[PDB]
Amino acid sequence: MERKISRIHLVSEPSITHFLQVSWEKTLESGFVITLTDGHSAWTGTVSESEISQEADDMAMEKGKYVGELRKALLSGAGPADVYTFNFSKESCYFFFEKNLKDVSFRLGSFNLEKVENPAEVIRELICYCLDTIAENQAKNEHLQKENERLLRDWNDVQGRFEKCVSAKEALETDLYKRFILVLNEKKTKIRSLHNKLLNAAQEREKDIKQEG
């Protein structure tokens, strides 16, 4: 069982704000209960599945397209610039609503909402539902907010650990170049020693020639 509570403005009573509480299960097409209230009285009507078909057929509109217009008008899920006008007569207890365009108005529904005997019981249940919903929402806030504090601390752990891989890798590549130079200098020191050995041999040869004759 679902429900939706929406704020509307009747042109019969334009000064204040009314409320529509539409409840259905599991889809809006299979019928729904609709209630109008001004914080004092309450009018409730049950729109069956057959009445939804009849309302669409009497205006030659495809059902699926019409049921889609109920959700847009009664469940506060449309526009801008989807304009809707709502009428209610407390004498006949008929609820009228229509979608207004610049050149044509589609009379979408005419529902009979008989006045309830105890409107306070309905208003209280409506407020209990809103308070329960607020409590559920703030619980999902705290549970989702907690997942980000964990997801961001998992990210901060990887960030600090990967920068240790980068520093270790750099310290490795530095030690590889140090080991390469230390060995390269030994081989240059050996070549330099062989050069002096070749130089010494040629010098000690000239002495042996100048003395032997």
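Numbering starts at 1 and follows the sequence shown.
Peer 1: Regarding 35-43 and 182-190, which shows the higher C-alpha temperature factor on average in the entry?
Peer 2: It is 182-190 that shows the higher mean C-alpha B-factor.
Peer 1: With respect to the recorded C-alpha B factors, which stretch has the higher mean value, 149-157 or 61-69?
Peer 2: Stretch with the greater average CA B-factor: 149-157.
Peer 1: Looking at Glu125, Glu98, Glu142, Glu136, which has the highest Cα B-factor in the entry?
Peer 2: Reading the PDB entry, the winner on C-alpha B-factor is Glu142.
Peer 1: Where does the C-alpha B-factor of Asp175 rank in its chain, lowest, middle or highest third?
Peer 2: Within its chain, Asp175 is a middle-third residue by C-alpha B-factor, going by the deposited values.
Peer 1: Within this chain, which third does the Cα B-factor at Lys210 fall in: lowest, middle or highest?
Peer 2: Its C-alpha B-factor, which the entry lists for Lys210, ranks in the highest third among residues of this chain.
Peer 1: Which third, lowest, middle or highest, does the C-alpha temperature factor of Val11 belong to within its own chain?
Peer 2: For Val11, the deposited C-alpha B-factor lands in the highest third.
Peer 1: Could you look up the Cα B-factor of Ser30 in the entry and say which third of the chain it sits in: lowest, middle or highest?
Peer 2: According to the entry, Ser30 has a C-alpha B-factor in the chain's highest third.
Peer 1: Just say lowest, middle or highest third for the CA B-factor of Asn196 relative to the other modelled residues in its chain.
Peer 2: Middle third of the chain for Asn196's C-alpha B-factor.
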